[PDB]
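Residue numbers (the authors' numbering), protein chains in the order written: chain A, 12 to 454; chain B, 12 to 141, 151 to 454; chain C, 15 to 150, 156 to 453; chain D, 1023 to 1070; chain E, 307 to 342; chain F, 828 to 973. Down below is the structure, laid out as structure tokens.
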Amino acid sequence: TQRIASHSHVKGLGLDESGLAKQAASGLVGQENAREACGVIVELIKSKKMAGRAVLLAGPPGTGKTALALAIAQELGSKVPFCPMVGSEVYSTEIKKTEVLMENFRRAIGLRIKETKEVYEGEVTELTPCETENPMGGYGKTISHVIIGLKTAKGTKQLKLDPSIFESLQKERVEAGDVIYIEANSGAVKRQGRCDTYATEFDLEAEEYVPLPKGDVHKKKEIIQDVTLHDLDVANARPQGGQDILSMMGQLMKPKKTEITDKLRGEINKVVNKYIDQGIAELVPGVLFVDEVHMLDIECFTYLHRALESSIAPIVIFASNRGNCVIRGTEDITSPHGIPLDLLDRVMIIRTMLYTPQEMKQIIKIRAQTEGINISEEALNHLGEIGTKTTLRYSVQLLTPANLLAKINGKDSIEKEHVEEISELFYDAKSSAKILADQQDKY
Amino acid sequence: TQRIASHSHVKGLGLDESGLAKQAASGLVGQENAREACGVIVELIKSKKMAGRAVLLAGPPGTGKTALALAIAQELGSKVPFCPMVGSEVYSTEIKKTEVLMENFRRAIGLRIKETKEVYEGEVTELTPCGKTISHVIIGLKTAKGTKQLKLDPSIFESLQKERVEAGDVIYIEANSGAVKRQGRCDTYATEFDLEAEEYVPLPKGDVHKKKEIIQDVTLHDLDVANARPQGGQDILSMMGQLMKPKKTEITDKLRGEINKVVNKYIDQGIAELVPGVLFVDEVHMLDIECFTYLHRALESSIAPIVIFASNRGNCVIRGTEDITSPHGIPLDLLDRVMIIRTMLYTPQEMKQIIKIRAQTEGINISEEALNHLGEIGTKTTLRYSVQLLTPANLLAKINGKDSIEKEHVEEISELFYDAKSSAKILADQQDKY
Amino acid sequence: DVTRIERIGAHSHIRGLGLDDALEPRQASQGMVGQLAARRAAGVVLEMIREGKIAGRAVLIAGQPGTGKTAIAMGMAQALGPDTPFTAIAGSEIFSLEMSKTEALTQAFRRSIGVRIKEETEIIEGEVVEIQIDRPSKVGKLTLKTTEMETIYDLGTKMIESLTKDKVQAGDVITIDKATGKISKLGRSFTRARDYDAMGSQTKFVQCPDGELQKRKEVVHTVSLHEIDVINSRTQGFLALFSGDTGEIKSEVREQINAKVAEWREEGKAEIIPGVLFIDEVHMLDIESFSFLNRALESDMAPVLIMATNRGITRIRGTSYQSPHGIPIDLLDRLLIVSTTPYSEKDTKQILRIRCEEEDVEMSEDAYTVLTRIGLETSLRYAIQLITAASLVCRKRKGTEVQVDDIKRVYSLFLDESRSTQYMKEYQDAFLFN
Amino acid sequence: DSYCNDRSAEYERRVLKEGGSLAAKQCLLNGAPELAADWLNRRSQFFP
Amino acid sequence: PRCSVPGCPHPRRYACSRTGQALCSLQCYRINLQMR
Amino acid sequence: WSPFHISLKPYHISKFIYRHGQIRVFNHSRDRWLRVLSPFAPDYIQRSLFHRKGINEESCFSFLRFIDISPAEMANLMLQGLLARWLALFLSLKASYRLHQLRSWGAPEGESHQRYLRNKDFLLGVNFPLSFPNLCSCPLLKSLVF
Ligand SMILES: Nc1ncnc2c1ncn2[C@@H]1O[C@H](COP(=O)(O)OP(=O)(O)OP(=O)(O)O)[C@@H](O)[C@H]1O
Ligand SMILES: Nc1ncnc2c1ncn2[C@@H]1O[C@H](COP(=O)(O)OP(=O)(O)O)[C@@H](O)[C@H]1O
Ligand SMILES: Nc1ncnc2c1ncn2[C@@H]1O[C@H](COP(=O)(O)OP(=O)(O)O)[C@@H](O)[C@H]1O
Ligand SMILES: [Zn+2]
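Below you can see the structure in the form of structure tokens.
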């Protein structure tokens, strides 16, 4: 069965119908004003009205700012793009820092385009060129159509096809008992292989046999396909239909990322507007989430000023555990959250707060009953006391190694002695830092 | 003859049968406590059991650290790989620093493969190929020592055909490997026309068929590099090989595992044997802290070669730490992974013996009173400076018509070519004019 | 006699992580000594790795230089064994010259997850004895031999073209996957290795196959998740699995692989075996790299990380900020920290015996006493380096069991960092820079 | 281009200047040797 | 087509190069050659 | 008007450097061992891919069962150079349309009895909406990739 992450319990923001926040719901506990704020941001995103509105989830390490940013992805659901990142992803060696931001600004916007696929496929039982009873004057014979017999596990039928098909039926080495297909929107015929019925006609033959198709000879579905605008940007920047020397050379060579021009973005914006206006394509604007935003350079921050203002851009979520740090890529310049004051002016900051001990105990209980672990009430009370002495990501994290220790020591649930044994085996940052300072001459 | 290089006189460590140092032997003198330690390292490398074990030669400029490490290579001889590198070679533009260390660690382990080289050569008397129209090719070869028929497979004949060979060409076939070379037309046909666009060569005076037992030396790095990028297979003759430039690249430890598993298969079959060698890192203090922190895996690795580091820096800053002083220019955490052989300054009484060993190697004859003076000026400067004067002094002696160095030649050269400590006075006097 | 490629490295003696079934560590077993607290902790995370139930876990093995942090990791790697991935890197291996620090870590993570697959197959495998055809479409037969049988196949129209385009001959050994129809020559049969007398530029002799000729079976494969990412990066991307040319894989591919592998895991077609990523000397990572680990430890399919580090409260690279271990606090509370403790004389004597057991060396108990003192007055890893050199001096001395006189000899030849530092200061201005 | 004083070196550079093999030349010139074999008779087809 | 050997239901994979009978496995190859 | 057309004298390689000086030639006997001691030999691929000791055991070339590659196609692609790359690529362009049809209309049970993978099922680059087969099959998406 599926393995469990650091966030698998986060199922949503768990808001009331009025948009207020419950003490503990949808796998979250506390942070009520920040969950209420993310409620407003979920309405902001779900409205599709806005571009480049941005929020910064500020607050100390292990206060749930990454959890709330993922809770938003659950409240939106998988139908709209949520594009996660860390500030450190921008440090590509193939492409400039500002262009990696622009790609993530283009991954966070999805087309949702619907089209019919219609195809004729089956084992070909005959090719029967149908002559007309008279040729036209001066010709020995003339064919109005080729009959092709096709079959599948549901049945057989003849198709009547344009005489120009017959060249394609000897370009492909078609012969009766092959299985073939024909795109009804294009009229090109393709060969899949000998049908599996004939796999016993030799002890060996140099072709993979294809299982006899099922469903009717003529097939239809409408299918709704999702592409981000970054998929369109890439497919136009590096074509895949490789029947030319430039494309083969460009496909044998290393598949290097490239600094896509403002012009391609322009031409794609000019075409998807056509297909949204024609009611072919829905647009689903979404979210770009950057965790660890304090890793961006002052060059990257001074690019986000254009990017967050641009009338195309997604909603953007930032997170930062940093205090009054220096802005990366300058020696002196300190700024709150590690983010420049002129970018920090452009973002709606959401304050995230330290947990009180009684919330930590409730979070640890939710982790236990989602990691699959049963724990005694006195052990949980001790584990929340460890949380009080340390941090949430230490105290939560002792649960599994306490479960291994309990299992090995013949018990199907955590008890007091396991939590104090694991705490003796494994240190946290605050206890290890004391051990370093007491030994600093030996390291 | 071979050119006289800066180390060309050192021919071994010059240890006795007990491993104690002789006072002057094998082109070394003095320096005994490091030479005896290098005796233990030669026995270590010859014992093969060890992997990644390492040594640091530590001591001033002009004290034999490069010389003793080359003496180790001379005590081992050609059969065991010794790979020299400068630490400054690590800074590539095409691959990461911590790859150049792994390439050089893989250059210092050799396979040692035996095969009988088998050469057929001569005028071709006939080519005759024997499904219907292909099987194998009989070929006849002739020389002024006799004739043979060979039975070439069709994959050899594909190369005779590609070489545009016909009856009456002179051919070299290497029967192990299918190296087929056309060598021009046999000169018995040098009148087929009066003038034709072929070189004509005399019928070979040698044997038609030569066997040699030969030994192939091939490093694990040759196996890695010759497999990791798709091989050329494009012996000119194929313009596809023009477009894609053969850049170096970061060969993955995903491949090296398979190369180890294949080498194990061939040495278990006994087709090859292994000669774990030495990697020698001159200027080890020139490696970045990132590279030193990679040696904390590479020296531990149960395949690695023996590694010899050499350094002459004091308590300097570790390159690329921007702040951290450490002995020999090496992080203490690596300095604790190496056996340190300390190296010592020479007294004047050693330097005279070095200048004499240099003189008789470099082709000089020297009068004892000039050799006294190259001793004295060595005491004022460095061993390297005194040795450097010998060819200049000889070259003036030759022009002045004397076949030996005498006092006035070396005393003239001493005033003509300044040493470092002499120039460091001039740059402090003439300071504001540079 | 014959030396394998893998041989005695700095951790060769550890052959597990010595634990009773209750995860109680023994004082000395499986080649490990002491560290009882850290070995319980290592055993607990070893059971966490074997369960695989949870993702993005991490452990930091902290403590002084020469206290077993890499030993616990390279021991745990063998208690885990093969069959589960264990990627080990030094922290400076990620500073690639062709991909970002976050890509080189992403590839290091993805190489530590194993997708197991069942695959159903049939392969024919043997010496082709002869090929026969009619001559007009074509119909024919060919005969396969294996050590147990000689057998004949009726073969189709495209097979005759495929065999004749692939140029097979009698006595070649071939394999074909019948479901795919693809031919493959392995070489020429060893009983045939004389019917031609010069061999085409690549040919190889193989022993003829054995057992059943058309083996029909399911096989299990383990594919590391990174290969599934690389194979999809470009149309022939699989060559980069060996050339290392994996230049920054597009994120749209990796999220498609996660979706497909999660879909296979629900259908039961594959099972995801979580491995370990061990980043030895993790303090070498940049702040931009540690801030990437903060999210990489939250994927629903990250490995278990293990790290090790010698650093005190120390500067994080690429910053002025000082933190425990040289690791940021925002990673250090995701980490769960195991602390190793310096050795007692008792543990130090036990380990020096286990190195002698591994190096195949006998020592006097007087020599173990003197060696243990040396390895306690100076770093453990220096005494571990004396014993090989003591064996080599003892051989040269014509001894058999090394004595105190042989230890004191090697201790006079090869210095540790303390005696080296002291004698460096006794000549300090002759070295370069401080 | 490189000149050389040797009959075999002349053959190697002549063959290279002719285009190294019919396979490699057609592969660049026509896109694959199958597309060269098709090009010669796509001459006669209606919908190549 | 099925294995010559009377007890075997499996399809023909090949034939014996000595005896000419249709066959399906090493087991049927032994059984055939030990009665022809 | 036309460019100024220039032809420098051809670069002169002596008969000696051509005969004895080329490492591709004078070292050919050693170069055979670099080709023989190679895991890309079809023999070694089979010995790793199908003749393992353990049920679970760590084999390279496992991916050659899930890409459509013969061990001799892997060997040829590694040892015949860029010509074998180009022709194998052209054959993979042909095969991509064949794979796309089966991949986008076949949906019963699983590849066998609801278990095992099948050949080609690591080639996921066709599954993208915008991959050239799916794009060519879908005339609206074709017009967005102009
Ligand atoms: N004991 C010796 N016997 C013979 N020659 C010696 C000896 N010691 C030094 N030399 C000579 O010193 C010269 C310079 O090489 P040497 O090994 O001294 O360089 P080094 O200073 O130790 O190395 P590096 O410059 O890398 O630090 C060489 O000509 C060498 O032969
Ligand atoms: N409000 C919450 N309710 C429940 N669990 C939470 C909550 N906030 C955080 N967590 C738990 O605490 C961990 C640390 O918080 P997280 O958001 O992941 O780190 P950070 O605050 O540094 O960004 C989470 O991964 C999750 O396990
Ligand atoms: N507990 C141990 N049991 C056995 N060998 C050990 C143990 N601890 C250390 N070693 C050995 O001692 C040496 C130093 O330990 P190592 O783990 O490499 O140090 P470090 O943690 O500083 O890198 C190595 O040769 C190692 O194999
Ligand atoms: Zn039967």
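For each residue, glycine too, the CB sits at the ideal point set by N, CA and C.
Margin query: Suppose contacts are defined by Cβ-Cβ distances below 8 Å. Is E286/C in contact with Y943/F by that definition?
Written below: no
Next item on the list: Could you name the residues of the same chain whose beta carbon sits closer than 6 Å to that of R71/C, not counting the 5 residues immediately before and after it, in chain order?
Entry: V323
Margin query: If you measure from each CB to the nearest heavy atom of ligand 5 and keep those under 6 Å, what residues do you get, in chain order?
Written below: With respect to small molecules bound, the structure shown includes ligand 1, ligand 2, ligand 3 and ligand 4 and not ligand 5.
Note to self: Determine whether the beta carbon atoms of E310/B and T109/B lie at a separation below 8 Å.
What the structure shows: yes
Item checked: Beta-carbon proximity of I433/B to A390/B, cut-off 8 Å -> no
Check: Should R892/F be flagged as near chain C, meaning a C-beta pair shorter than 8 Å?
Finding: yes
Check: Grouping DSSP H, G and I as helix and E and B as strand, with all else coil, what is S834/F?
Finding: coil
Margin query: On the DSSP bridge list, what partners appear for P140/B?
Written below: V157/B
Check: Beta-carbon of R319/E versus every beta-carbon of chain C: anything under 8 Å?
Finding: yes
Note to self: Suppose the cutoff is 6 Å on Cβ atoms and the five residues either side in sequence are ignored; what does the same chain contact list for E132/B look like?
What the structure shows: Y192, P224
Notebook entry, point to check: Got a sec: does ligand 2 put a non-hydrogen atom nearer than 7 Å to the Cβ of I377/A?
Noted result: yes
Next item on the list: Give the DSSP-derived three-state secondary structure of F437/B in the structure shown.
Entry: coil
Next item on the list: Would you mind working out which of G30/A, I176/A, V190/A, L39/A sits nearest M371/A, comparing C-alpha positions?
Entry: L39/A
Next item on the list: Report yes or no: is there a C-beta of chain C within less than 8 Å of the C-beta of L971/F?
Entry: no
Notebook entry, point to check: What residues in the segment 186-209 of chain C have a beta carbon less than 8 Å from any beta carbon of chain F?
Noted result: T194, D196, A198, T199, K201, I202, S203, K204, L205, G206
Next item on the list: Using beta-carbon positions only, say whether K128/B and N196/B come within less than 8 Å of one another.
Entry: yes
Note to self: Residues of the segment 96-119 of chain C in Cβ contact with chain A at a cutoff of 7 Å, in chain order, please.
What the structure shows: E112, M113, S114, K115, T116
Next item on the list: List the residues of chain C whose Cβ lies closer than 7 Å to the Cβ of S331/E, in chain order.
Entry: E231
Checklist line | DSSP three-state assignment for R118/B, whether helix, strand or coil | finding: helix
Note to self: If the criterion is Cβ atoms closer than 8 Å, does the pair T101/C and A87/C meet it?
What the structure shows: no
Checklist line | Same chain, Cβ closer than 8 Å to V221/B, neighbours up to 5 away in sequence not counted | finding: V190, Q203, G204, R205, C206, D207
Checklist line | Inter-residue spacing [alpha-carbon to alpha-carbon] between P92/B and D237/B | finding: 9 Å
Notebook entry, point to check: Using a C-beta to C-beta distance shorter than 7 Å, which residues of chain E count as neighbours of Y172/C?
Noted result: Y320
Note to self: Going by beta-carbon coordinates alone, are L354/B and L294/B separated by less than 8 Å?
What the structure shows: no
Item checked: Check whether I348/C and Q341/C have beta carbons under 8 Å apart -> no
Next item on the list: Report the neighbours of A246/A on chain F: residues whose CB is nearer than 7 Å to its CB, in chain order.
Entry: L957, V972
Next item on the list: Could you check if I446/B is buried or exposed, using at least 16 other CB atoms within 10 Å of its CB as the buried criterion?
Entry: exposed
Check: Hey, is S841/F's beta-carbon within less than 8 Å of any beta-carbon in chain D?
Finding: yes
Next item on the list: Give every residue of the same chain whose Cβ lies closer than 7 Å to the Cβ of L307/B, excluding the five residues on either side of it in the sequence, and list them in chain order.
Entry: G98, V101, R339
Check: Could you give the distance in angstroms between the alpha-carbon of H241/B and the alpha-carbon of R117/B?
Finding: 5 Å
Margin query: Just to confirm, is the Cβ distance from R29/C to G45/C under 8 Å?
Written below: yes
Check: Can you list, in chain order, the residues of its chain whose CB lies under 7 Å from that of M259/A, leaving out five sequence neighbours each side?
Finding: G253
Notebook entry, point to check: If you measure from each residue's Cβ to the nearest non-hydrogen atom of ligand 4, which ones come out under 7 Å, in chain order?
Noted result: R308/E, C309/E, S310/E, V311/E, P312/E, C314/E
Checklist line | Cβ of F867/F within 8 Å of any chain B Cβ | finding: yes
Next item on the list: Under 7 Å between beta-carbons, which chain A residues line up against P837/F? List them in chain order, please.
Entry: The contacting residues do not exist; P837/F stays about 28 Å from chain A at best.
Item checked: Contact with chain B by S270/C, beta-carbon distance below 8 Å -> no
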